[PDB]
Structure formats: structure tokens, C-alpha cells
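Take a look at the structure set out below.
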Amino acid sequence: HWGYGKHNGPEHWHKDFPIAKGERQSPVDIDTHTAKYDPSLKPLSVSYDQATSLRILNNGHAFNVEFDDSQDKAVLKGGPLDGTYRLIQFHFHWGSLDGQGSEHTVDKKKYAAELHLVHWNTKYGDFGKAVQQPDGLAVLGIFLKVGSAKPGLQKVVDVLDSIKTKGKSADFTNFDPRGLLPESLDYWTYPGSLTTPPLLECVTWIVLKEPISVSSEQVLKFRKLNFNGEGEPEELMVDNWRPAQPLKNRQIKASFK
Ligand SMILES: On1ccc2ccccc2c1=S
Ligand SMILES: [Zn+2]
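Residue numbers (the deposited numbering): 4 to 125, 127 to 261.
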């Protein structure tokens, strides 16, 4: 099945998921000089005050922090979006080395990791119906660079040892995702896709310009996770990023001059 190795990595995914070579795949390189400022964009509204985390799961590809999305609680609106999108989970992509790991790149620059906060358009009722729609999802993407620690990340780092291997989950209540956000909400936006199979073309991507800093020790702990299940030969969960895909007939808009 799919993964990030030589035999089942991104260059193979198109055989099971032909949309891998579609018209609006993600990630992409953000060419800052070519992204035009769009003064009709609204500021982004991130309202995470009532977010309710439930659990953290090692899915064999990444770890997901999952939210109760049964009520209207943690929503993204404004920016390029029409209507209200509800937070359902976040996860990260990261490298084996600090010089790589992000999926989007900025003028070809790779960051050490990238956080994806996934939200679904509440006009479609739930996540499963939203991923059948071209405007079903909005993913807030945030780059990580290695430097000072991010205090708001530590509770996630500290729980990873309890979900080392594929299929493990742990209670993860009362986690506040506001602690993972940078100061500025300046962003680039474009239409794209999930960056993992099934690679569905549902996503309005909103990529923040300002990275957050995490410490070398924090990202080292992400790299101790495993892609394998318990009892299987250890394969470290590193380099779970898809490289940039062709922009095709898309424009990337900037919210800032
Ligand atoms: O990586 N990843 C995994 C699951 C998912 C689900 C909805 C939207 C985006 C994603 C991504 S980027
Ligand atoms: Zn992702």
C-alpha cells in the first residue's frame, strides 16, 4: 500500500490514485515574486477558543490530533473562503534532517516541517460529504523552522512515546491549537488537494508566510515515531512529505503587500 519509501512513495501513487497527475495537486512551490497581492481577500478569521481535542492517533503515515467537530466550535472563515469551515484534525509532515520536511516550499526553500490544520465546509454537513466537493475543505498550512522551542507544541511532543507505532491512539483532551499559530496571519492561497492518498482535489490552501520555531529536541521526537506497527521491523517515521507538484493552470494569491 502507499507510503514514502522507494517502492511505494510519491512517484508510485498515481497507479492507485490517478488524480496524482491531476490539474490541482498539492503541494506546490510558492514563487513569492509571481504571487500577486489580492486586495479583495478578507482577513483570515481563526476562531479556536472552543476547540475540543479528543485523541491523538499514529495512522502509519503521520499522527493526527482529532477534534470533536459535532458542533460549531473551532472554525476558520474569511480570507478566501465563502462560509464556515470546521476544524477536524491537525497533523504534520517532516524530514529526517532539518533542511527538509515541508511540503510547500517558498522560492524553493524547504522548511523542517509543516503543520496542516484540516477543516471542512459546514454547508456539506460532514467531512465525508465535503471531500466529494471542490470547495469542501480548507487547510491552514504553517511552516516549522528549528530554533527556539514552541511551548504550545510540547504537550504533543510529550505524548508521542505513547503512540510510537501504527494503529496506536491516546486520549488527548484539552489541547489548545492556538498555541501552534505564529503572530501574523498573512498568507498565500491557491486551490489544491490532499497531499496524501487519496489526493482529492477539495482543498482551498491557506499557507501562512510566518513560520513557527520549534526546537531541535521537539522535532527529534517526531522522528522517533514509527511507520510500522508494533512487532514489525522498525522504520522511523521521517520524510513523510510529498514534493512540489506542477502548478498547471493556477494562480497563487497573497493576502499582503
Ligand atoms: O496529509 N493529509 C492527510 C489527510 C488530509 C485530510 C484532509 C485534507 C488534507 C489532508 C492532508 S494534507
Ligand atoms: Zn498534510
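The C-beta atom is built at its ideal place from N, Cα and C for all residues, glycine as well.
- In this structure, the alpha-carbon of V121 lies about 30 Å from that of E236.
- By the Cβ test, the region 69 to 88 is not in contact with the region 239 to 249, since fewer than three Cβ pairs between them sit closer than 8 Å.
- Under the three-state reduction of DSSP, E117 is assigned to strand.
- Per DSSP, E205 is not a residue of any beta strand (DSSP E), being assigned neither H nor E.
- In this structure, the straight-line span from the alpha carbon of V218 to that of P13 is close to 27 Å.
- Excluding residues up to 5 positions away in sequence, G183 lie with their Cβ nearer than 8 Å to the Cβ of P155 in the same chain.
- For the 7 Å CB-CB criterion, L84 and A142 form a contact.
- Residues with their Cβ less than 6 Å from any non-hydrogen atom of ligand 2, running along the chain, are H94, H96, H119 and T199.
- The region 244 to 255 and the region 29 to 36 touch, with no fewer than 3 CB-CB distances between them shorter than 8 Å.
- Checking the DSSP bridge columns, you'll see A258 partnered with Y40 and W192.
- The beta carbon of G151 lies closer than 6 Å to those of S217 in the same chain, with the five residues before and after it left out.
- In this structure, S259 places its C-beta atom within 7 Å of the C-beta atom of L44.
- Taking a C-beta distance under 7 Å as the contact criterion, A153 and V223 do not qualify as a contact pair.
- For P138, the closest alpha carbon among the candidates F147, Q92, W123 and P215 is that of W123.
- Secondary structure at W16: helix, using DSSP grouped into helix, strand and coil.
- Restricting attention to beta strand (DSSP E) runs no shorter than 3 residues, the region 80 to 120 encloses them at 88 to 97, ordered along the chain.
- Taking each of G63, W16, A134 and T199 in turn and checking the Cα distance to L118, the smallest one comes out for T199.
- In the three-state DSSP reduction, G183 falls in the helix class (H, G or I).
- A direct Cα-Cα distance of roughly 29 Å separates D101 from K261.
- Rounded to whole angstroms, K159 and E214 show a C-alpha spacing of 22 Å.
- Counting only unbroken stretches of 4 or more residues, the alpha helix (DSSP H) elements lying wholly within the region 209 to 239 are 220 to 226, in sequence order.
- As DSSP reads the structure, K133 sits in no beta bridge.
- A direct Cα-to-Cα measurement between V163 and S48 gives close to 29 Å.
- Between the alpha carbons of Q255 and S197 lies a gap of roughly 15 Å.
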